[PDB]
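# Understanding the architecture of this molecule
This is what each chain is made of:
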Amino acid sequence: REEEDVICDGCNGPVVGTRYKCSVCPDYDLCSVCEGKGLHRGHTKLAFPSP
Ligand SMILES: [Zn+2]
Ligand SMILES: [Zn+2]
């Protein structure tokens, strides 16, 4: 089967739990580790579940 997964654009790891999606850049997401490290603070991000 084909599945749609979310990959972190900061570290290339899986994004599980909460994803931090850029509201400006196309198709851009951070994992909680990279979000906590302060990546991509120059744009507003949307925080919502990444099941
Ligand atoms: Zn990451
Ligand atoms: Zn952005």
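For the structure, see preceding data.
These notes cover the structure that comes with them. Every chain here is numbered from 1 following its written sequence, a scheme that can differ from the numbering in the entry; residues without coordinates are not drawn. For naming, the first written chain is A and the first written ligand is 1, with later ones following in the order written. Side-chain numbers here rest on the full set of heavy atoms in the structure, without hydrogens or water.

## So, the coordination of the zinc ion (ligand 2)
The donor definition counts N, O and S atoms within 2.8 Å of each metal and applies 3.2 Å to Na, K and Ca; water is not among these atoms, so some sites may look incomplete. Those donors, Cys-22 (SG), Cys-25 (SG), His-40 (NE2) and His-43 (ND1), are the protein atoms that reach the zinc ion (ligand 2), and they lie 2.0 to 2.3 Å from it. One can describe the donor arrangement at the zinc ion (ligand 2) as tetrahedral, given that its four donor atoms subtend angles of 103 to 120° at the metal. Every donor residue of the zinc ion (ligand 2) comes from the same chain, spaced as C-x2-C-x14-H-x2-H. Here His-40 lies in the loop between α1 (32-36) and β3 (45-50) and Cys-25 lies in the loop between β1 (17-22) and β2 (29-30), a separation of 15 residues in the sequence. Throughout, exposure labels follow a simple rule: accessible area from a 1.4 Å probe, protein chains only, divided by the maximum for the residue type, with under 20% read as buried, over 50% as exposed, and the rest as partly exposed. The class for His-40 is partly exposed, based on a relative accessible area of 22%. Under the classification used here, a metal with four donors is tetrahedral if each angle lies between 85 and 135 degrees, square planar if opposite donors are over 155 degrees apart and the others between 65 and 115, a six-donor metal meeting that same test is octahedral, and anything else is irregular. Helical segments are the DSSP runs of H or I of at least four residues, strand segments are the runs of E of at least two, and each set is numbered from the N terminus.

## Observations regarding the coordination of the zinc ion (ligand 1)
Those donors, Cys-8 (SG), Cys-11 (SG), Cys-31 (SG) and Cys-34 (SG), are the protein atoms that reach the zinc ion (ligand 1), and they lie 2.2 to 2.3 Å from it. Relative to the metal, the four donor atoms surrounding the zinc ion (ligand 1) lie at angles of 104 to 112°, and the coordination shape comes out tetrahedral. One chain supplies every donor to the zinc ion (ligand 1), and in sequence these donors are spaced C-x2-C-x19-C-x2-C. The exposure classification of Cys-31 matches that of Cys-34, with both residues buried.

## A few points about the pattern of salt bridges
When a carboxyl oxygen of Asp or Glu lies within 4 Å of a side-chain nitrogen of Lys or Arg, that pair is called a salt bridge. Counted according to the given criterion, the structure contains three salt bridges. For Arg-1, the salt bridge goes to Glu-3, with nearest N and O atoms at 2.7 Å. For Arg-1, a relative accessible area of 91% translates into the label exposed. Between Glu-35 and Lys-45 there is a salt bridge, with its nearest N and O atoms 2.7 Å apart. On the criterion of sequence distance, the pair formed by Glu-35 in helix α1 and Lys-45 in strand β3 is long-range, its members being ten residues apart.

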